[PDB]
Structures are given as C-alpha cells and as structure tokens.
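Enquirer: No letters, just coordinates:
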C-alpha cells in the first residue's frame, strides 16, 4: 500500500545499480531496506523520494506514481540523507526555526513545527545551546526531529542510527518507534543486521542491487531457523 | 503469458528451497532457468509440471492456475526429468510404440506419435537397433523425442544437454530450436552458462533459490557489459 516498488532498475554510469527490484511497505509500519555497503540502498531511497528517477520500473507512494505525479508524492514525504548535519553556529531551537521557515511563513505553522521538533529531539535545556556543542547523537536527534516535524505521511531515513553509540542508537530507535505508533510510515536503510529486529516490522534484504528476501523479521527468522538477521542474510546469499 | 510464477516458495524438509521467486515465460520461446547445482531448478520445474505443489505463491500455465486447475495444465505439458533412461532391451522404435501406448490406445494416434518421435530423434536405421547399443546422446535424443511426440504446448526439460559431448549437445540444441520455431514453448533448466546463449531466448538466473536477474540473453549481456552469461551471473551474485 504505502510504497510499492515494481521491477525498479537504475543505471548509474557504467553500472546497473538496481537490478529490477520489487517490494512493498505497509502503511504505519517501519520497513527496513537492509544490506551491506554498496547494495544500492541510498539510490533506492532517493528514487522513492523523487530526487532521482528510475531507469525503468514503477514506484508508487500511497497510490501515486512518483514519476507521473511527483508533486502529490512530495506533499507526502520527508527524506533525511545519511549523516546530515546542522548549522553549528545556531542554537538548536534557532536552527529549527530557521528550517521551519523553509516550509511555511506563518508564525503559527512555524511555531507548531518547532514545538513538535523540540518534543521529538528530547534535548531538554540543551536545545538552547549552540549546535557546535552537540554530540553526534544530539545532532542526529535534532535532524530526525527536523525531518519529522513537517508531519509527513512517509519518512525516508538513510541509515538513521549509523555512527551512534549504544545509548544514542537506542534513543533514536525509540523516537522512530514512537513516531510509527502514532501512524507514521517509515522507510529506513541500514547495514546493521543485528539491530534490525529491534527497529523494523518488515524488511527487504538487498545484495548487489537485488532483493534476496523479504518478510517480517520473525517470518524470516522462522523461515531460515535463524536467531538473527545476519544469519538469514548469510544463509540466503551464499 | 505461457508460464507465470509469482512469489513461489517451497519448503523441503528443514529448508526453504525456493525463496519467493517470480518470472514469466512467453509463448513460443525457449526459456532457461539457469544456475549452479543446488539452486532449486528441478524443484521449480517439477512444481510447474504439477508433480509437486507450492508451499505458497502462484503458478499459471497458459492462464490456468496449476494448483486450482491441474487437469487443464497437464493436458498442456510434457516433463522430462534429468538423465531419464529408456528400457534397453527394446528396439528404439519398439520403446516408442510401447510408451505411445500409455497415451493412447488408437492405432492412428500411436502411429502418429511414433512417426513424430522417429523424425525428432534422427537415429536413422539405428532406431531399429536395441537401445542397449545406444550411446548416451542417442538415448537423450530418443527421450526428448518421446517427450515431444505427444505435441505438448509446453515442454519442460530438466538439463537436456547434461553429460553430452560437443556433437550430441549441438544436435539436441538443434532439435529444441526447431521445435520452438514450430510453436512449442520450452522451459529448460541448465547449469552450463556458456551454452545458454546458443539455446535460450530468455533466462532467469537462479542462485540459492532466488532469482537474481532475468531478461533476454542479449539484454543481460548489454546490461552487464558481459560477453557471456557466466560473467553476468558472477557480476550479479558477488
């Protein structure tokens, strides 16, 4: 329903990066496109977000073809690229005001966005500190807050927990899970196969630009008699 | 059209042999399901022939669901398992009469089958010799003749050229190509990736029970800048 990818191909330079992949994401869930570095996850997530176009195949977001109706699609999505940063010479709350202003000019809408963001970030009084003082995990919470504050129907997050220590990765997972429990559909990319069971409801395993399996995390574990997703992946691709 | 496989899974014992595979075969072509030993090709070909049932997914042969209408499907197909043999203590022509008798009792139908078979086999006067005197390649031509003599709409051949020397493999390829040029749809399985360009119009590359690519042989070569299918396969799965 929420996202349907059908025989998606994408050439970049000499390479067929995506090799005719298919999968579907259900409304209201956290879906993981999971695989090692170089598998094509970023390209996939970027095509779904309308930033780049397919070479062929069809992608629909909530029933809207992303190539035929991109306008309608973009009204529904928010994309956060991997390792996004924020402007360091602003307070957190100031950064959030600034960016909220891209989306709207009305004080009311800006205020609403900023207050949603502050509440998602969970930075306490530190939101009034300069971003240059923030740890990596704080920047990441600020950025995800910023992606989520526009109340998208679908959030597309490229490696949301990469680079994070144990505590911050857990807080980020918490944020995403709460957001999905409030109705948000989230497409994440990740190469951390142990942690995927504690974040995603369903996954597509991707290898060299091919989907080698899909299902709920539990289905896959039961299907391959595997206690974790890295074992599934390994079982499936050699 | 001719065969459509959709999310086909099949468990055997502890193993998910087929891992939700999809592909389609066009009427009148030779299609190759291509991959190494153990990839799941025989199981696939057997499910399509109605001999074993899916665990899940859907297979249709000329629009007939093989699970809902197996009767209608079997009227359309002929399956030849890998390394099939013939009864050695009969003349070739005698073996062909005997087997034709399984399919029909009428002299006319038996005669027609036997004459089609003799013409496909191309064994000349050797068809009157005992099968015990036949070379491997002669047995193989006799068996393929036997599969094809019933005029199926779809022939499903499991590794039709395996074990064969250069000459006999070439004659078998000739037989299949001629038969397809006369309207027959042929599904073959093979692990000989160099020879697939000289037999198949389209292929699905299969690895560990997953389809990792599909297309015409030329499309795949052009897509992966590869001069042969073994290079494509290698490029695609690691």
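Expert: Structure received. Residues are numbered from 1 along each chain as shown, chains lettered A, B, ... in the order given.
Enquirer: CA only for contacts and neighbour counts going forward, please
Expert: Noted.
Enquirer: Quick check: residues of chain A near chain B?
Expert: Contact residues (CA under 8 Å from any CA of the partner chain) of chain A with chain B: A:15-16, A:19-20, A:207-208, A:210-213, A:223-224, A:236-238.
Enquirer: again, only this time at 7 Å
Expert: By the rule CA under 7 Å from any CA of the partner chain, the part of chain A lying against chain B is A:16, A:19, A:208, A:210, A:212, A:213, A:223, A:236.
Enquirer: who's in contact with the third one?
Expert: Listed by CA atoms under 7 Å, 6 or more residues apart in numbering or on different chains, the contact set of residue A:208 reads A:38, A:39, A:40, B:236.
Enquirer: The last one: what's it in contact with?
Expert: Contacts for residue B:236 (CA under 7 Å, 6+ apart) come out as A:208, B:212.
Enquirer: I'd like the distance from it to residue B:206, if you could.
Expert: Distance, residue B:236 to residue B:206, by CA to CA, to the nearest Å: 11 Å.
Enquirer: what about the helices in chain A?
Expert: With helices called from DSSP state H, chain A shows them at A:41-48, A:70-74, A:92-103, A:107-121, A:136-148, A:166-181, A:217-223, A:229-237.
Enquirer: partners of residue A:215 in the sheet?
Expert: Beta-bridge pairing of residue A:215 under DSSP bridges involves residue A:203.
Enquirer: Next, count neighbours for it.
Expert: Each residue near residue A:215 was counted by other CA atoms under 10 Å in any protein chain shown, and the total is 17.
Enquirer: any idea how far the residue nearest the centre of chain A lies from residue A:75?
Expert: With distances taken as CA atoms, centre = their mean, the residue of chain A nearest its centroid is residue A:157 (1.8 Å). Residue A:157 sits 16 Å away from residue A:75, going by CA to CA.
Enquirer: if we can go back for a sec, greatest separation within the residues of chain A next to chain B: which pair is it?
Expert: The span of the residues of chain A next to chain B, defined through CA to CA, is set by A:16 and A:223 at 30.0 Å.
Enquirer: So which of these two has more stuff around it?
Expert: Taking neighbours as other CA under 10 Å, residue A:16 and residue A:223 compare with residue A:16 leading, 19 against 16.
Enquirer: For the more buried one, list each beta-bridge partner.
Expert: Counting by DSSP bridges, residue A:16 forms beta bridges with residue A:11.
Enquirer: So it sits against residue A:10, correct?
Expert: Yes. Applying CA atoms under 7 Å, one finds residue A:16 in contact with residue A:10, separated by 5.9 Å.
Enquirer: what's the burial count for residue A:90?
Expert: The burial count for residue A:90: 16, using other CA under 10 Å.
Enquirer: May I have the phi/psi pair for it?
Expert: Note on residue A:90: backbone dihedrals following degrees, to the nearest 10 are phi -140, psi 150.
Enquirer: contacting residues for residue A:145?
Expert: Contacts of residue A:145 (CA under 7 Å, 6+ apart): A:117, A:120, A:121.
Enquirer: Please apply the same query to residue A:193.
Expert: By CA under 7 Å, 6+ apart, residue A:193 lies in contact with A:229, A:230.
Enquirer: so how far is residue A:73 from it?
Expert: Per CA to CA, residue A:193 is found 30 Å from residue A:73.
Enquirer: any idea how far residue A:191 is from residue A:39?
Expert: Distance, residue A:39 to residue A:191, by CA to CA: 9 Å.
Enquirer: Check residue A:221 too.
Expert: Plainly put, residue A:221 is 17 Å away from residue A:191 if you go by CA to CA.
Enquirer: quick one, which of these two is more surrounded?
Expert: Between residue A:221 and residue A:191, counted using other CA under 10 Å, the more crowded position is residue A:191 (22 against 18).
Enquirer: Please convert the helices of chain A to a markdown table, extending it with distance to residue A:85.
Expert: Compiled in a markdown table, the helices of chain A are given as follows (distance: least, CA to CA, whole Å):
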| stretch | distance to residue A:85 |
| --- | --- |
| helix A:41-48 | 17 |
| helix A:70-74 | 22 |
| helix A:92-103 | 11 |
| helix A:107-121 | 14 |
| helix A:136-148 | 7 |
| helix A:166-181 | 16 |
| helix A:217-223 | 31 |
| helix A:229-237 | 29 |
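Enquirer: These: which one's closest to residue B:68?
Expert: Shortest distance between residue B:68 and these, using CA to CA, is found for helix A:217-223: 25.5 Å.
Enquirer: starting at the chain centroid, how far to the closest one?
Expert: Its chain's average C-alpha position is 22 Å from that of helix A:217-223, according to CA atoms, centre = their mean, to the nearest Å.
Enquirer: how about that helix: buried residues?
Expert: Residues of helix A:217-223 classed as buried: A:217, A:218, A:220, A:221, A:223 (neighbour count, 16 or more other CA atoms under 10 Å in any protein chain shown).
Enquirer: Put together CSV for those, with distance to residue A:4 on each row.
Expert: As requested, the buried residues of helix A:217-223 are exported to CSV (distance: CA to CA, whole Å):
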residue, distance to residue A:4
A:217, 19
A:218, 22
A:220, 20
A:221, 24
A:223, 23
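Enquirer: so which of those comes closest to chain B?
Expert: Closest approach to chain B among the buried residues of helix A:217-223 (CA to the nearest CA): residue A:223, at 6.9 Å.
Enquirer: how about the nearest residue to that closest one, chain neighbours excluded?
Expert: Leaving aside its sequence neighbours, residue A:223 sits nearest to residue B:16 (CA to CA, 6 or more residues apart in numbering or on different chains; 6.9 Å).
Enquirer: now the one you found: how far from residue B:208?
Expert: 10 Å.
Enquirer: check contacts around residue A:66.
Expert: The neighbours of residue A:66, taking CA under 7 Å, 6+ apart as the test, are A:50, A:59, A:60, A:73.
Enquirer: again, 8 Å this time
Expert: Residue A:66 makes contact with A:48, A:50, A:59, A:60, A:73 under the criterion CA atoms under 8 Å, 6 or more residues apart in numbering or on different chains.
Enquirer: PyMOL command to pick out the buried ones of these?
Expert: Buried members of the contacts of residue A:66, defined by 16+ other CA under 10 Å, are picked up in PyMOL with:
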select buried, chain A and resi 48+50+59+60+73
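Enquirer: Chain B: which of the contacts of residue A:66 is nearest?
Expert: residue A:59 (18.2 Å).
Enquirer: In contact with that closest one, which residues are there?
Expert: Counting by CA under 8 Å, 6+ apart, the residues that residue A:59 touches are A:3, A:4, A:5, A:6, A:8, A:48, A:65, A:66, A:67.
Enquirer: ok, 6 Å please
Expert: Residue A:59 makes contacts with A:4, A:5, A:65, A:66, as judged by CA atoms under 6 Å, 6 or more residues apart in numbering or on different chains.
Enquirer: Please apply the same query to residue A:180.
Expert: Per CA under 6 Å, 6+ apart, neighbours of residue A:180: residue A:28.
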